[PDB]
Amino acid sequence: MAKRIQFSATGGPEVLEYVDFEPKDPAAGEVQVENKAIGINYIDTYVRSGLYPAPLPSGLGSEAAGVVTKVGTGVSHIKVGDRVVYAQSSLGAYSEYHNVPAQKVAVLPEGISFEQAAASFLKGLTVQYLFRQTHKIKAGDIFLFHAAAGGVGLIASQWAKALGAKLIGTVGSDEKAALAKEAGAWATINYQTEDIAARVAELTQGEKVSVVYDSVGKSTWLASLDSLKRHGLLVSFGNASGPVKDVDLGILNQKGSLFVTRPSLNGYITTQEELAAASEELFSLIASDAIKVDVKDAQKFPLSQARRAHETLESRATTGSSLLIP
């Protein structure tokens, strides 16, 4: 018997239940991970609130890192006792134990701890596909990245710097602005003080940017469109401020024959080769200290306190990644 967070009905943070359950032995494709550190992602809040349909009662989270305890029939590439991380498990990473298909699990280097992995893996895999697959950031490129002080943002800042690119990062405070700069962001915009698109025009002497990465959605839709040059790409990969509905394609024409895409992690990592390749890049850059992955002690919540943790994430008081410790 072990512990997991679940919810019996959708709602706010108050619906999170901390219960016992019997972990089942892994099936033929799978490995059982004794989770040691668990990732906290905005999608966890969306699932919990019913924005994403899930059978009830449901687990929560798809990102965690820990020690492999048992291994299923077919699994060669991963062995008992391996330290691993995953970002795409079935809902249920919020648990002391969770089975995951071996294909969707990456073995950690010795340098990367459980806590770093669960902070950086899903968010780091997200950055890699955004920057290397959805649109290949070249050295010298100016681009806009919303929420640069967030978990995804700080990895994006540091990755951009490693690529020799110039990330303009939107942030909600002067403190978050300095942090994003420290993390390698070329320039900074305060999305409460300043007009985003205006400031982008200023910083590019009118030339604008060929790509925008926008995890905010509704609030910043117009702002992001106005920030793009002719033929530019708007990459909406998040709905922090609510979704982007009621769009007339024609607006893509008005704003200069723009492209727009709504990618997701599952949309870009579908096989173990794809996960291997992307993970190799992520770990490579964490290992060489190009991407440093910290987690404030205030944002390490016990698994028991999952409620408390979710409340924190929704108030936007956090910077960087958060973690649940089983």
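Each residue number is its position in the shown sequence, starting from 1.
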item	value
Higher-scoring stretch by recorded Cα B factor average, 52 to 60 or 23 to 31	52 to 60
Residue stretch of maximal mean CA temperature factor, 8 to 16 vs 311 to 319	311 to 319
Selection by C-alpha B-factor (highest) of 164, 206, 232, 124	206
Selection from 73, 236, 190, 99 [criterion: highest C-alpha temperature factor in the record]	190
Record-listed C-alpha B factor of residue 271: chain third	middle
Residue 81, C-alpha B-factor rank within chain (lowest, middle or highest third)	lowest
Third of the chain's Cα B-factor distribution that residue 293 belongs to, per the entry	highest
CA B-factor ranking of residue 213, expressed as a third of its chain	lowest
Third of the chain's Cα B-factor distribution that residue 109 belongs to, per the entry	middle
